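A.B. asks: Just the first chains of my complex for now:
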Amino acid sequence: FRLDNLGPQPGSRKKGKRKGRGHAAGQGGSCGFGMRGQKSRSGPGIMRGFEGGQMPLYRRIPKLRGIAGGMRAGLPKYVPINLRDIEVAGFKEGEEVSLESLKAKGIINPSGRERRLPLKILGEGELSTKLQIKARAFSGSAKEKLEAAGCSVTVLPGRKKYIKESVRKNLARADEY
């Protein structure tokens, strides 16, 4: 493969059309911008989502729901379905499982919020071989599937939240059964 001999495949590259060089090119003169008007004039031009004085669609419509204050956050716990977990990459059944094992396996990868996710096991999907999961709270349907499977499952307590002593004492007082 000498330097001279090498060539690129066909259709790999398209020469950019240069507007205004000639009439034969066809973009010459007006350049397809037509005659006059705001679009024809050089400049930033009319703003997008602008209706030329009519109320824009965004303006007429009320902002969705609960707009002002809202967590507007979904993800809490990364969710990996059983079909995805049992199927595809398959655990030895000797292996521990959990988030650390999963990342290594490559079935599930958490990058933006590794810290925020605790993981969850979805009810959906069926697992052929029983396995032990040290992951935190799972869906009841999903929890049921593992139990039917008979694979050992263990809930994991991720963290403890500090509470005021007076409040804590109050809870103890309730302990009326």
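C.D. replies: That came through, no problem. Numbering: from 1, shown residues only, chains lettered A, B, ... in the order given.
A.B. asks: Which residue comes closest to residue A:97 once chain neighbours are left out?
C.D. replies: Nearest residue to residue A:97 in three dimensions, chain neighbours excluded: residue A:133, at 5.1 Å (Cβ to Cβ, 6 or more residues apart in numbering). Any C-beta I mention is one placed from the backbone N, CA and C, and that applies to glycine too.
A.B. asks: Bridged to the one you found, which residues?
C.D. replies: Listed by DSSP bridges, the beta-bridge partners for residue A:133 are residue A:153.
A.B. asks: Quick one: neighbours of residue A:143, just the number.
C.D. replies: For residue A:143, the count of nearby residues is 16 (other Cβ atoms under 10 Å).
A.B. asks: Next, it: secondary structure please.
C.D. replies: Classification of residue A:143 using DSSP: H, G, I helix; E, B strand; the rest coil returns helix.
A.B. asks: Roughly how far does the residue nearest to residue A:97 sit from residue A:143?
C.D. replies: From residue A:133 across to residue A:143, the span is 10 Å (Cβ to Cβ, to the nearest Å).
A.B. asks: Any buried residues in the strand or helix carrying residue A:168, and which?
C.D. replies: Secondary structure from DSSP states H and E places residue A:168 in helix A:165-174. Within helix A:165-174, no residue is scored as buried using 16 or more other Cβ atoms under 10 Å.
A.B. asks: how about the residue nearest the centre of chain A, secondary structure?
C.D. replies: Central residue of chain A (Cα atoms, centre = their mean): residue A:75, 8.7 Å from the mean position. Secondary structure, three-state DSSP: residue A:75 is coil.
A.B. asks: Kindly incorporate the sequence below as chain B:
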Amino acid sequence: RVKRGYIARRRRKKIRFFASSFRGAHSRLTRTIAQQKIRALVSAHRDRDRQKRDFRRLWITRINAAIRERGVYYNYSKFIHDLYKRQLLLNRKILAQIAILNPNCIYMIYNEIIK
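C.D. replies: Chain B goes in next, on the same frame as the chains above:
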């Protein structure tokens, strides 16, 4: 990264040469050499299709006179009653051509038509 040109001089010498014997500024003065060029090509079209049309005309009138030479009222009209009734495959107004070269032949044609 200046990229200046000379391809105009050839672009334009070529025309400058196609417009020779144009008798005015139409042969020297480039910015009009161009539009002249355009207009010579255009009249080449119109004079070409009109030359087909024009030579028919010329032969119709020429054959027409040769036929009217018979002193009785014949025509280029009636000569063609009688030249298609008798099957002659279209001497193609080029009987108008021998009519001036071999006139005796065209009198032979004409007599066979009259029969």
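A.B. asks: Just the strands from chain B, written as ranges.
C.D. replies: All residues of chain B lie outside strands when identified by DSSP state E.
A.B. asks: Helices along that one, start to end?
C.D. replies: For chain B, the helices defined by DSSP state H cover B:7-18, B:30-68, B:78-85, B:95-101, B:103-114.
A.B. asks: Now render those helices as TSV, adding distance to residue A:108 and mean neighbour count.
C.D. replies: What follows is the helices of chain B, written out as TSV (distance: least, Cβ to Cβ, whole Å; neighbours: other Cβ atoms under 10 Å in any protein chain shown):
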stretch	distance to residue A:108	mean neighbour count
helix B:7-18	63	11
helix B:30-68	72	13
helix B:78-85	95	14
helix B:95-101	96	17
helix B:103-114	102	14
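A.B. asks: any chance of those in TSV, plus distance to residue A:69?
C.D. replies: Converted to TSV, those look like this (distance: least, Cβ to Cβ, whole Å):
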stretch	distance to residue A:69
helix B:7-18	68
helix B:30-68	72
helix B:78-85	100
helix B:95-101	101
helix B:103-114	109
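A.B. asks: Specify the stretch among these that is closest to residue A:29.
C.D. replies: helix B:30-68 (17.2 Å; Cβ to Cβ).
A.B. asks: now for that closest one, which elements pack on it?
C.D. replies: Using 3 or more Cβ pairs under 8 Å, 6 or more residues apart in numbering or on different chains; DSSP states H and E, the elements in contact with helix B:30-68 are helix B:7-18, helix B:95-101, helix B:103-114.
A.B. asks: Drop chain C onto that structure:
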Amino acid sequence: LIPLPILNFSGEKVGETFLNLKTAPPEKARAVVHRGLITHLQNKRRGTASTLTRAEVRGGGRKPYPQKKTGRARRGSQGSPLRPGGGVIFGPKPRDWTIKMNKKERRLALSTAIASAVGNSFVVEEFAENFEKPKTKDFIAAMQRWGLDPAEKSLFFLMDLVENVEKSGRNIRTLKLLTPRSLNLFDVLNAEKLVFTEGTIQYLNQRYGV
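C.D. replies: Putting chain C onto the chains we already have gives this:
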């Protein structure tokens, strides 16, 4: 693929050292290796091409004469692009091109280049060098007795590149020594006369599989 005999200083045929390298699918080789070259030497360039716009040129910003009441065009500065005093429209200013080419593709441009140069009388191959008092005569004579000398650009490389061959390889313009650290797509892409050593034949084989 195809094997190839090892040479020596004397120039005989010890050894086998079969070389196998991963290659692009046929009909995709040119696009794969061409694009790799063109990112190579497109990336290499350097901007170093500047100019001045209507705003930097030193000409002033005085409206040279009033708008109307004069019979003459509406010229609006003598620093304007139209006037031949300066002010270029859309001149070149230092742009910094760079073409991220996917590693696993770039590799494959090498493997294709190499794997295409071998087996057609374009890969002689050695095993070592012992030069002392580096002298560019024993070395060029080595090329002579060795493979193809003819000073016809004969890319040529080695492993760990002992100084006393670096130091006698530079005088000869046609062939330039290479190391894995210094490997480039360009110069191993003559497929003309490129040599190897066993450290390169297995190091090479090791880097690329099938």
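A.B. asks: ok chain C is in now, so what about the neighbour count of residue A:143?
C.D. replies: 16 (other Cβ atoms under 10 Å in any protein chain shown).
A.B. asks: and it, what does it touch?
C.D. replies: A:121, A:123, A:153 (Cβ atoms under 8 Å, 6 or more residues apart in numbering or on different chains).
A.B. asks: Among these, pick out the one closest to chain B, please.
C.D. replies: residue A:121 (62.5 Å; Cβ to the nearest Cβ).
A.B. asks: Helices along chain A, start to end?
C.D. replies: A:37-40, A:57-60, A:82-86, A:98-105, A:140-149, A:165-174.
A.B. asks: Among those, show me which one is buried the most.
C.D. replies: helix A:82-86 (a mean of 18; mean count of other Cβ atoms under 10 Å in any protein chain shown).
A.B. asks: Distance check, residue A:143 against residue C:21.
C.D. replies: For residue A:143 relative to residue C:21 (Cβ to Cβ), the value is 52 Å.
A.B. asks: cool, residue B:6 as well?
C.D. replies: As judged by Cβ to Cβ, residue B:6 and residue C:21 stand 50 Å apart.
A.B. asks: What's the local residue count around the closest residue to chain B within chain A?
C.D. replies: Nearest residue of chain A to chain B: residue A:22, at 12.2 Å (Cβ to the nearest Cβ). Neighbours of residue A:22 under the rule other Cβ under 10 Å: 10.
A.B. asks: For the residue nearest to residue C:3 when sequence neighbours are not counted, which residues are in contact?
C.D. replies: In space, and not counting its chain neighbours, residue C:3 is closest to residue C:18: 4.3 Å by Cβ to Cβ, 6 or more residues apart in numbering or on different chains. Going by Cβ under 8 Å, 6+ apart, residue C:18 touches C:1-4.
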